[PDB]
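# Residue-level structure breakdown
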Amino acid sequence: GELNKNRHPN
Amino acid sequence: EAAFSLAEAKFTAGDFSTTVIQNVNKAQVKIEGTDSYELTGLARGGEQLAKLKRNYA
Amino acid sequence: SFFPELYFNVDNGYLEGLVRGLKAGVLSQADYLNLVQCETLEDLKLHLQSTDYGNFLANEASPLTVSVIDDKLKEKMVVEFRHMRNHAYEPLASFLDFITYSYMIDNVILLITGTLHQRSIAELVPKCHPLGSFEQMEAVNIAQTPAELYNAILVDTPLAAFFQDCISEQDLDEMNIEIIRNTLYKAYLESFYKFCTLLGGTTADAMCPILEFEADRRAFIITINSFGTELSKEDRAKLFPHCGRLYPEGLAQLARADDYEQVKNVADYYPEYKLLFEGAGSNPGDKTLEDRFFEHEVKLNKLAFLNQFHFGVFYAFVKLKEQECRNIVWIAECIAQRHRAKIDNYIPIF
Amino acid sequence: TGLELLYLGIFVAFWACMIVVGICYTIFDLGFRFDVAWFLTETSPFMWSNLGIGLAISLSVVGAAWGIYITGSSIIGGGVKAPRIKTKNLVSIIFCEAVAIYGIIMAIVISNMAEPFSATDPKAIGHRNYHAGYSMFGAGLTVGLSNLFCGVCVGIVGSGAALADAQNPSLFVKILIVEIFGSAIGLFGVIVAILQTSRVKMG
Ligand SMILES: CCCCCCCCCCCCCCCCCC(=O)OC[C@H](COP(=O)([O-])OCC[N+](C)(C)C)OC(=O)CCCCCCCCCCCCCCCCC
Ligand SMILES: CCCCCCCCCCCCCCCCCC(=O)OC[C@H](COP(=O)([O-])OCC[N+](C)(C)C)OC(=O)CCCCCCCCCCCCCCCCC
Ligand SMILES: CCCCCCCCCCCCCCCCCC(=O)OC[C@H](COP(=O)([O-])OCC[N+](C)(C)C)OC(=O)CCCCCCCCCCCCCCCCC
Ligand SMILES: CCCCCCCCCCCCCCCCCCCC(=O)O[C@H](COC(=O)CCCCCCCCCCCCCC)COP(=O)(O)OCCN
Ligand SMILES: CCCCCCCCCCCCCCCCCCCC(=O)O[C@H](COC(=O)CCCCCCCCCCCCCC)COP(=O)(O)OCCN
Ligand SMILES: CC(C)CCC[C@@H](C)[C@H]1CC[C@H]2[C@@H]3CC=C4C[C@@H](O)CC[C@]4(C)[C@H]3CC[C@]12C
């Protein structure tokens with residue numbers, strides 16, 4: 001898992 | 001086997017699914033070493049949860 | 001002696017009898033075998049209906065799932081504990097509140113974890129343990145401000161006393177959530193031990209051993225799990241509760257410990273823990289250290305029922321029913337995943 | 001422990017006062033003023049006898065009530081899940097109540113020994129009347145306190161037996177024996193009281 005620059009989870 | 005290890009972990013560590021899903025932070029495996037779930041089973045989880053991680057890895 | 005016989009039943013005799021009656025309904029070994037022989041979760045419910053559980057699961061949907069069974073078991077335990085609490089007086093009420101602090105400590109950790117990661121606090125309540133529900137509205141509609149949440153905890157939560165172990169709200173964003181949880185649990189366990197000792201009499205006698213084992217197992221497992229992590233020894237020793245039987249030079253040796261062999265050497269000084277470590281082979285196919293500690297905890301809780309005029313019966317019943325719910329969920333998991341081989345890993349009670 | 005603090009303070013103050021008062025009386029050669037004879041003699045035998053009867057009945061009833069509630073709380077708590085208890089364990093309550101009965105009986109056996117004097121001078125009241133008063137008081141104390149302790153003990157054992165019964169029916173029949181033993185003490189007290197007022201005669 002990771003939260004991207006937009007904090008969108010994968 | 002990974003699913004059964006997850007069940008065995010839930011036996012001891014309790015309901016850690018919410019804690020795992022909330023403390024996401026950054027990905028440790030990509031397609032890094034940025035571990036974020038260390039100490040999750042610090043008091044109760046311990047080996048089971050560690051084993052769980054290994055299995056899913 | 002404190003002569004709890006003369007006055008205990010004045011306020012708590014009815015609840016003593018009621019909680020013992022509830023404990024009489026915990027599945028015995030024969031019931032566990034009967035449930036182990038099931039083939040499908042529907043058959044598990046059938047075999048469970050003949051026990052004290054009855055029709056707690058009849059209403060739920062026919063295509064049963066382990067999550068549904070776990071939720072129903074937790075709901076039943078919560079209902080029973082709440083009914084006992086509502087009929088309890090000041091001292092026993094404080095005791096039961098102390099029991100619920102254990103789950104409030106996890107719920108507050110969930111709240112701060114969600115708030116720091118900017119998720120609505122109202123959306124985190126569903127995942128909180130019912131026994132530690134924050135019915136107070138001061139910690140709701142926080143607007144995702146960690147400082148506001150910390151002030152709410154301090155003002156309108158019994159955890160305010162345990163949050164003085166920290167120094168400021170900045171710690172919420174400074175210390176890892178696990179360290180915060182373990183520090184809160186250390187403070188809560190010390191407060192619980194002091195409360196039980198102040199109660200004295202049979203309560204202290206039958207309750208101090210359980211809290212002492214809790215502290216010792218917390219120390220052992222915090223030492224064992226933190227070997228490969230960044231948790232330094234100095235910061236690790238802060239998480240060891242001081243109630244245990246390891247307090248003089250035992251916790252210090254654990255803090256200096258740097259391997260599982262050294263933890264075993266420290267435990268060797270205490271035969272009751274020496275046996276638990278000896279039986280914990282930890283290799284595949286045999287009981288692990290956590291399972292041995294669970295067995296010892298169940299043994300202590302069961303022995304808590306040999307005393308009569310004490311409040312430790314309520315804590316023992318709560319923990320025994322928690323273990324029973326975990327055992328039933330484990331059996332359901334083994335049934336669903338067809339892993340019959342390990343179906344015997346449940347810890348029997350009575 | 002505020003009330004406990006008050007009781008402890010009163011007890012300590014009273015007994016420190018008693019120690020200092022005894023020291024002063026002994027040392028100042030004023031012992032003759034500490035006539036225990038005068039206290040035991042001028043004090044009317046009627047006070048002793050009536051306190052004895054009142055205690056014989058009241059302390060027995062206090063023990064019976066103590067045991068009754070001690071065991072009834074457990075009975076009615078256990079019976080929520082095993083109502084059969086209410087049927088079988090009333091025996092415990094019976095034993096507790098039996099205590100009170102002894103009380104009244106001894107009260108009667110003591111109250112039958114009372115009789116006025118028509119005298120006020122200790123030489124006129126006499127050894128017979130003074131001993132009658134003292135022995136009625138002592139018999140009242142014996143029966144009342146023995147019954148109090150027996151009732152409390154039987155109540156504790158009955159609560160234990162009711163909690164045991166809620167989980168295994170075949171235990172009460174073997175635990176009642178303890179209650180029987182706990183009951184014997186009551187009888188003993190009564191016997192002693194009867195021996196204390198056997199040769200008591202006011203008049
Ligand atoms: C705090 C809780 C509430 C209080 C609960 C407890 C109440 C205690 C009841 C007190 C009554 C005591 C009896 C009083 C009569 C006896 C007095 C006596 O011995 O002296 C007269 C006796 C006999 O006196 P006499 O016979 O020569 O006098 C002639 C006779 N009269 C007076 C009646 C005409 O000895 C003396 O003369 C002593 C003179 C000095 C006084 C010494 C008194 C002793 C105590 C003094 C200190 C206080 C003690 C406590 C310390 C502080 C608290 C811990
Ligand atoms: C740490 C505590 C502090 C110490 C003091 C405690 C409080 C005691 C004071 C209470 C008030 C009484 C004051 C005297 C009142 C007048 C009495 C009187 O007329 O006396 C006639 C009495 C009795 O009469 P008499 O003996 O004088 O007359 C002769 C009688 N024949 C012939 C029979 C012998 O005697 C005195 O003259 C007494 C004078 C001194 C009395 C002092 C108070 C006595 C108690 C002192 C404390 C005792 C413990 C000491 C150790 C403590 C250590 C911790
Ligand atoms: C706290 C638990 C209880 C123990 C402590 C309190 C005990 C006493 C409490 C009741 C009130 C006081 C009773 C005594 C009354 C005085 C009687 C009297 O004057 O006659 C005495 C009598 C008679 O006195 P008399 O003046 O008639 O002398 C005899 C004279 N001929 C024979 C000619 C008649 O003799 C005694 O001295 C008897 C001893 C008892 C009196 C002393 C009481 C002691 C009080 C406790 C302090 C002890 C001092 C050492 C401290 C350390 C202790 C380890
Ligand atoms: C220790 C230092 C030296 C002391 C020496 C002086 C003598 C002792 C005096 C007391 C000194 C200590 C202070 C205690 C104050 C009274 C007791 C606590 C407060 C109190 O009375 O309130 C509640 C009872 O209600 C009430 O107010 C009811 C009390 C009044 C009842 C009066 C009847 C008794 C008369 C005495 C004869 C009986 C003798 C028996 C041996 C009890 O409070 P809580 O414990 O529920 O709450 C916890 C806190 N309060
Ligand atoms: C270290 C701690 C202290 C230990 C020491 C003991 C302390 C005990 C406390 C009691 C007081 C001390 C005992 C000795 C003093 C007694 C009084 C003597 C004074 C006196 O001369 O009185 C005589 C009568 O008293 C008498 O003859 C009375 C005799 C009985 C005295 C003892 C009674 C005490 C109370 C016991 C209660 C036990 C209860 C058990 C549940 C005179 O009489 P007379 O014939 O000359 O009259 C002539 C009239 N014209
Ligand atoms: C406060 C509680 C504990 C009680 C008070 C202590 C009692 C025992 C003390 C306090 C003051 C004392 C009085 C002080 C002075 C005298 C005068 C003396 O000629 C006779 C005794 C007499 C009258 C004392 C009797 C005992 C006394 C009343």
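Residues numbered from 1 in each chain as written, not as in the entry; some residues may be left out. Chains lettered and ligands numbered in written order. Part of a larger assembly, values for the part shown. Heavy atoms only, no water.

- Its PDB record attributes the structure to cryo-EM, giving the resolution as 3.2 Å.

- Naming follows the PDB entry, where chain D appears as ATPase, H+ transporting, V0 subunit B (Predicted), isoform CRA_a of Rattus norvegicus.
- UniProt annotates chain D under Sequence similarities (unreviewed entry) with the comment "Belongs to the V-ATPase proteolipid subunit family."
- Quoted verbatim from the Subcellular location (unreviewed entry) field of UniProt, the annotation for chain D is "Cytoplasmic vesicle, Clathrin-coated vesicle membrane". (UniProt positions renumbered as here; feature names shortened; annotations may be inferred.)

- As recorded in the PDB entry, chain C goes by the name V-type proton ATPase subunit, listed as coming from Rattus norvegicus.

### Quick look at helix α1 (residues 2-27) of chain D
- Given a rise of 1.5 Å per residue, 26 residues ought to cover 38 Å, and the 37 Å separating the end C-alpha atoms of α1(D) matches this to within 8%.
- In the segment just after α1(D), D:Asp29 is the residue with positive phi, at about 60 degrees. (Helix = DSSP H or I, 4+ residues; strand = E, 2+ residues; numbered from the N terminus. Expected span 1.5 Å × (residues − 1).)

### Looking at the side chain of C:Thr202
Residue and element names in this part refer to chain C.
- Along the chain, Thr202 falls in helix α9 (residues 202-225).
- We classify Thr202 as buried; its relative accessible area is 16%.
- Contact partners of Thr202, with chain neighbours within four places excluded, come to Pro4, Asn307, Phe309 and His310. (Buried < 20%, exposed > 50% of the residue type's maximum accessible area, 1.4 Å probe, protein only. Contact = heavy atoms within 4.5 Å.)

### A word on the interface of chain B and chain C
- Facing 22 residues of chain B, the contacting portion of chain C comprises 38 residues.
- The closest approach of N and O atoms between B:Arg44 and C:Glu297, which form a salt bridge, is 3.2 Å.
- The interface formed by chain B and chain C contains seven residue pairs in polar contact.
- Among the secondary structure elements, those contributing two or more residues to the side of chain B that touches chain C are α1 (2-13), α2 (17-22) and α3 (47-56) of chain B.
- Ranked by residue count, the leading element in the side of chain B that touches chain C is α1(B), at six residues.
- Residue composition of the side of chain B that touches chain C, by class: seven nonpolar, ten polar and five charged. (Salt bridge = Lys/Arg side-chain N within 4 Å of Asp/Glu carboxyl O. Polar contact = N/O pair within 3.5 Å; in protein donor to acceptor, adjacent residues only side chain to side chain. Nonpolar A, V, L, I, M, F, W, Y, C, P; charged D, E, K, R; others polar.)

### A word on the site of ligand 3
Residue and element names in this part refer to chain D.
- As a structural note, the neighbourhood of ligand 3 is formed by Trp15, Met18, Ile19, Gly22, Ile23, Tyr25, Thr26, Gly31 and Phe34.
- Here an oxygen atom of ligand 3 and a backbone polar atom of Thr26 are 3.5 Å apart.
- Protein coverage of the free-state accessible area of ligand 3, which is 1200 Å², stands at 34%.
- For the shell around ligand 3, the per-class residue count stands at six nonpolar, three polar and no charged. (Near = heavy atom within 4 Å. Areas by Shrake-Rupley, 256 points an atom, 1.4 Å probe, with all protein chains shown as cover.)

### Let's talk about the pattern of salt bridges
- Throughout the structure, instances matching the rule amount to 27 salt bridges over all chains.
- Note that C:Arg20 is salt-bridged to C:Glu16, the shortest N-O span being 2.5 Å. Taken as a pair, C:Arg20 and C:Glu16 lie in helix α1 (residues 8-23) at a separation of four residues, close to a single helical turn.
- Overall, C:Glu16 belongs to the buried group, its relative accessible area being 1%.
- One salt bridge connects D:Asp165 with D:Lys88, and the closest N-O pair in it is separated by 3.1 Å. Separated by 77 residues along the polypeptide, D:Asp165 in helix α6 (residues 122-165) and D:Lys88 in helix α4 (residues 84-88) bring together distant segments of the chain.
- D:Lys88 sits in the partly exposed class, given a relative accessible area of 28%.
- The network of salt bridges with shared partners includes B:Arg44, C:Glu214, C:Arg217, C:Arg218 and C:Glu297.

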